[PDB]
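A.B. asks: This one's experimental. Sequence and coordinates below.
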Amino acid sequence: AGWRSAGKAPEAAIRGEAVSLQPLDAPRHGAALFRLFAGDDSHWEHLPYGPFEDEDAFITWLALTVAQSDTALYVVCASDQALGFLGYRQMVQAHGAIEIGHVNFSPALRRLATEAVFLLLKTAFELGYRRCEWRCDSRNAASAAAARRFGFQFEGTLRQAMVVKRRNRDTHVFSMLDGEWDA
Amino acid sequence: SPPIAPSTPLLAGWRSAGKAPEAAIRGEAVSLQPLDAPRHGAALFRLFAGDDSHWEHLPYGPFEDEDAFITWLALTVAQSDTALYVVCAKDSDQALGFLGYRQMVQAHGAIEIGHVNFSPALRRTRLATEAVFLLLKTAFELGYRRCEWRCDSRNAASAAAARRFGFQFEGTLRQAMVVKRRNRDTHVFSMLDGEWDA
Ligand code: NA
Ligand code: NA
């Protein structure tokens, strides 16, 4: 009512109980995050990117990903040991709409995993977003269960939304509204 | 809770879908001409200048004058993922409305038919139906796998049009946008390549 916009993603650490989320510095954190997933290429199964040939390739993907205005990534730490990353996508202030995505958690992280997500959930609603989305490949059982567990409501399935590694992807779309966050 | 999809085979001969045509798309009663924002602009403006209710469920309009409308058109078509076309009777230059693609994602073969702006004389006529059919045909011939149609949930006529055209309802994105100082929930509809075949 005189709605203008939701707030900007944090440019300083988001401090939790078990976890700190550090704004991602692609060329700095990049090598650390690359090493987290090297060796286990099955990590890139339910995702549209990866694996990466080498650190250069990973840093390239990270730079180009974070260069988008609508995307902001954070590094998960306990210490400054990077344990995974995640962030916001389709971040549109004017509509108070945002998505929590790019969840890339090391086997060691996958209660700290849960807190990383909630910190961004909490932060998006405190910055006055109206809608937070969560999306996943329909083959991804764990992600879908995670969404329900956090309180996201299933809205529908975007059929044939993507081709991921030459296979079909249907995207499940879930959302929490600001009235839902309150309740 | 929503389906768990099983493993499926690889898609044979998958490649990125093509770019939007840069030449006219010719049908039997209609042709879709690539929009030339500053040339076609004043004609299209006049078409809607009269009844501001046209814009009621859309995220733009009305336009205070021609220049505002040309400015909007130009900035909309400047986006690399949007292409618009002017609806003309076959082999005529008389603009009867416009429409096009947005959110083109060539790498995933996903596209959205939108910016459907039909004059009253065009609405609910055989040329309107052909205009939309020509963008579907064209998208699937270009290798798109999924064609969306989206509307404000309060836009009854657009939802019924989508269904009439054979898009399937997928769901509603609640509080997706703030449009003209009110909430918008968005209905999402789609037509898949295999549905188009049938
Ligand atoms: Na960014
Ligand atoms: Na364009």
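C.D. replies: Done, it's in. Numbering: from 1, shown residues only, chains lettered A, B, ... in the order given. Ligands and ions are numbered 1, 2, ... in the order given.
A.B. asks: Wasn't residue A:87 part of a strand?
C.D. replies: Yes. According to DSSP: H, G, I helix; E, B strand; the rest coil, the state of residue A:87 is that of a strand.
A.B. asks: and the nearest residue to it once chain neighbours are set aside, what is it in contact with?
C.D. replies: Distance criterion CB to CB, 6 or more residues apart in numbering or on different chains; nearest residue to residue A:87, sequence neighbours excluded, is residue A:73 at 3.7 Å. (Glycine included, C-beta is placed from N, CA and C.) With contact taken as CB atoms under 8 Å, 6 or more residues apart in numbering or on different chains, residue A:73 is in contact with A:23-24, A:62, A:65-66, A:85-88, A:102.
A.B. asks: For the residue nearest to the spatial centre of chain A, name its beta-bridge partners.
C.D. replies: The residue lying closest to the centre of chain A (CA atoms, centre = their mean) is residue A:101, at 2.5 Å. Residues in a beta bridge with residue A:101, per DSSP bridges, are residue A:87.
A.B. asks: Distance of it relative to residue A:46?
C.D. replies: 12 Å (CB to CB, to the nearest Å).
A.B. asks: circling back to that earlier point, from what I see, the residue nearest to the centre of chain A and residue A:74 are in contact.
C.D. replies: No. Using CB atoms under 8 Å, residue A:101 is not in contact with residue A:74; the gap is 11.8 Å.
A.B. asks: Can you pull the residues that touch both of the two?
C.D. replies: By CB under 8 Å, 6+ apart, residue A:101 and residue A:74 have these common neighbours: A:86-87.
A.B. asks: Where does chain A get nearest to chain B, residue-wise?
C.D. replies: residue A:156 (2.0 Å; CB to the nearest CB).
A.B. asks: out of everything not next to it in sequence, what's closest to that residue?
C.D. replies: The shortest distance from residue A:156 to any non-neighbouring residue, by CB to CB, 6+ apart, is to residue B:171 (2.0 Å).
A.B. asks: Give me the helices and strands touching the longest helix along chain A, please.
C.D. replies: The residue-count maximum for a helix in chain A (DSSP state H) belongs to helix A:112-126. Contacts defined by 3 or more CB pairs under 8 Å, 6 or more residues apart in numbering or on different chains; DSSP states H and E place helix A:112-126 against strand A:14-15, strand A:20-23, strand A:72-77, strand A:82-92, strand A:97-105, strand A:131-137, helix A:141-150, helix A:178-182.
A.B. asks: now those as TSV including distance to ligand 1?
C.D. replies: Below are the helices and strands packed on helix A:112-126 laid out as TSV (distance: least, CB to the ion, whole Å):
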stretch	distance to ligand 1
strand A:14-15	16
strand A:20-23	10
strand A:72-77	5
strand A:82-92	8
strand A:97-105	11
strand A:131-137	17
helix A:141-150	23
helix A:178-182	23
